[PDB]
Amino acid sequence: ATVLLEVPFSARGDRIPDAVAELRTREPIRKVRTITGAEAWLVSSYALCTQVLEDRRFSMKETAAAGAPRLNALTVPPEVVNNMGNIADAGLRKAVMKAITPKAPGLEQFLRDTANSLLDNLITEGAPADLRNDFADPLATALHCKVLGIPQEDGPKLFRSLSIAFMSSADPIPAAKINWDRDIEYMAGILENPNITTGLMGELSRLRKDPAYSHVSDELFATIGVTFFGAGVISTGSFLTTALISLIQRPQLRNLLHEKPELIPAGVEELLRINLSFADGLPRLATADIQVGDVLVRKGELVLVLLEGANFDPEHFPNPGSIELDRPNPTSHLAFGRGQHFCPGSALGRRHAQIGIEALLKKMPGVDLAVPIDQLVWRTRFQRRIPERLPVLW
């Protein structure tokens, strides 16, 4: 006899388990068990992932309901799961999004300079270098500090909350509350800080004093800075790191982008499509009985949308395991989600990786793993799959 199939299948972000294809072919929606012991539906075909993400009756908000089947424990106050709905209601949606485009003046030059300088330093210290801790993460952290308008020097302390903040835990994490509360006081201080006038926090400080926002709470303003810092640094640093590994593992692809750097955008778009950085399916709670393939999902039940199920579905991406820079549907992957909660930092996520890859390829054209790929240590019980250290030589 066997327990119900458990998720996640594997912390490894350098290979998709064979089980995913088997599941997608035989059972594109099946019952699994999460780390909390709750039952959920795993959706692993493009068509069904797309359906669940586009049907708002599969609610993100409701996952936070007391007594709901859970993927993992909340690392935030329950009202913060409705973050984007709260931002929408307070009239802050247009302002938040305009503040987080890679289109801001001199932001790209900032990324480029920062990536180059992180890289010059690696080269000066000599190989082996750690591309996660000493390149991709400081790059992400530096980008979000610039973007928020906060001092660069504050980034590493805020960054160190993230190994806890993005845990995927069966149980509540005392440390997450500590960090959350601390980082919220930090962001509040920043709203009251007369020198913080640029980026997202500079803008939020203005709107805060505007009579049109007089009834928006201080908690929400601080929450926006903590959440956008955390979600963004975690997501871009994780993505970049594992996209480097895929790049490294493909010297032919790396050559091509080195010769023809104008293909880098088309490359990152494939790197996003194939990325395994999201460790768990996207959770949603059925607010009604909804047919999904052969299964009638009952109101109250948890549904997990498996992003690599969609992104490696051969019915939508032929030869899905393969990076092809000339697919006719290149950006239709679900790497940023789909429908109501589509990632608001997608343009920023894209530029960060394009530039980080671009600079890496110029400075380190012979970049290569300095250990066998199996030696990478994968972070467990975490909402991203990342190698703890990315040791490389060049």
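Quick note: we count residues from 1 along the sequence shown, nothing fancier.
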{"property": "Mean C-alpha B-factor comparison - 293-301 and 176-184, higher one", "result": "293-301"}
{"property": "Per the entry, higher mean C-alpha B factor between 382-390 and 17-25", "result": "17-25"}
{"property": "Highest-ranked of 148, 96, 279, 140 once sorted by CA temperature factor in the record", "result": "96"}
{"property": "Which of 341, 33, 352, 70 ranks first by CA B-factor in the deposited coordinates", "result": "341"}
{"property": "Residue 242 - Cα temperature factor, lowest/middle/highest third of chain", "result": "middle"}
{"property": "Ranked C-alpha temperature factor of residue 251 among modelled chain residues, by third", "result": "middle"}
{"property": "CA B-factor ranking of residue 229, expressed as a third of its chain", "result": "lowest"}
{"property": "Modelled-residue ranking by C-alpha temperature factor, third containing residue 275", "result": "middle"}
{"property": "Ranked C-alpha temperature factor of residue 336 among modelled chain residues, by third", "result": "highest"}
